[PDB]
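*Asks:* Generate a structure from the sequence data that follows.
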Amino acid sequence: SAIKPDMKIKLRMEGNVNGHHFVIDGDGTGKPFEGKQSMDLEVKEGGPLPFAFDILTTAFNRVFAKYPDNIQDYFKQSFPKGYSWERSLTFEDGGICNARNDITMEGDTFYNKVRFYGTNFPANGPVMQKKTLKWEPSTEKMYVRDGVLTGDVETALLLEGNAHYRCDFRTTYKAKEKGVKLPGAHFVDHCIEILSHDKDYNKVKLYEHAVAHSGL
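*Replies:* Residues are numbered from 1 along each chain as shown. Below, you will see the structure:
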């Protein structure tokens with residue numbers, strides 16, 4: 001199998017949020033068949049970021065999701081050539097982001113070319129004031145829309161003060177190889193965590209656990 005039980009992760013994100021430019025590198029490992037990954041992230045340009053690091057973290061690969069035999073694993077079947085995704089994030093106070101990842105594999109390593117653009121965040125809102133604590137665990141609803149594998153999440157960031165900040169996002173996923181069969185509709189349960197950080201989140205250790213299921 002192109003995909004090993006233990007794989008490395010290399011990533012560079014470039015982007016702009018409310019006009020603030022940044023570049024962030026990532027280097028990690030994961031267990032594709034266990035649905036688990038961690039990575040060290042380092043801000044290389046634009047630090048200290050003037051917005052909540054949390055809005056970025058889902059953009060830092062559904063190959064790291066535990067799929068049962070009874071669901072088609074579109075992501076593992078996309079390798080070795082790889083796949084891309086495009087995501088829209090809509091926040092309840094009008095903030096909007098668009099992100100993309102082009103994912104390839106070179107030997108034991110997944111390479112990730114990540115772009116993240118955000119705009120229309122209110123200056124006084126929890127993103128630009130850095131009031132976020134974490135994403136809540138979520139369920140991604142996977143289905144096919146207009147011939148394209150689509151995943152929808154309705155979720156929230158926990159804020160300081162027992163308040164939540166709602167976000168909906170929609171991801172479209174496309175294998176590079178023509179002919180990779182679309183899966184049936186299913187769920188992917190996710191939990192993403194910042195395990196550690198430095199003062200201004202110039203350095204972050206990020207973890208994700210994801211499991212695909214049919215709801216039973």
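*Asks:* any idea which helix or strand carries the closest residue to residue 203 other than its chain neighbours?
*Replies:* Excluding the flanking residues, the one nearest residue 203 by C-beta to C-beta, 6 or more residues apart in numbering is residue 42, at 5.5 Å. In this view, the C-beta of every residue, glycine as well, is placed from N, C-alpha and C. Element membership of residue 42, judged by DSSP states H and E, is strand 36-45.
*Asks:* Which strands and helices lie in contact with that strand?
*Replies:* Here strand 36-45 touches strand 7-17, strand 20-31, strand 203-213, going by 3 or more C-beta pairs under 8 Å, 6 or more residues apart in numbering; DSSP states H and E.
*Asks:* So which of those is nearest residue 87?
*Replies:* strand 7-17 (12.3 Å; C-beta to C-beta).
*Asks:* Identify all contacting residues around the closest one.
*Replies:* For strand 7-17, contacts defined as C-beta atoms under 8 Å, 6 or more residues apart in numbering pick out 21-32, 37, 39, 41, 49, 51, 55-56, 59-61, 63, 97, 99, 105, 108-119, 121, 127.
*Asks:* which of the residues you listed count as buried?
*Replies:* Among these, those buried by neighbour count (16 or more other C-beta atoms under 10 Å) are 22, 24, 26, 28-32, 37, 39, 41, 49, 51, 55-56, 59-61, 63, 97, 99, 105, 110, 112, 114-116, 118, 121, 127.
*Asks:* Enumerate every residue touching the residue nearest the centre of the chain.
*Replies:* For the chain, the residue nearest the mean C-alpha position is residue 58 (2.6 Å; C-alpha atoms, centre = their mean). With contact taken as C-beta under 8 Å, 6+ apart, residue 58 is in contact with 87, 89, 99, 135, 169, 192.
*Asks:* got a list of what the first one touches?
*Replies:* The neighbourhood of residue 87, defined by C-beta under 8 Å, 6+ apart, consists of 58-59, 97-100, 169-172.
*Asks:* Looking at the residues you listed, which one is closest to residue 213?
*Replies:* Proximity of those to residue 213 (C-beta to C-beta) peaks at residue 171, which lies at 17.8 Å.
*Asks:* Show me the contact partners of the helix or strand hosting the closest one.
*Replies:* In the assignment (DSSP H and E), residue 171 maps to strand 163-175. Contacts to strand 163-175, defined as C-beta under 8 Å, 6+ apart, come from residues 58, 62, 74-75, 77-78, 81-93, 126-127, 132, 136, 140, 148-159.
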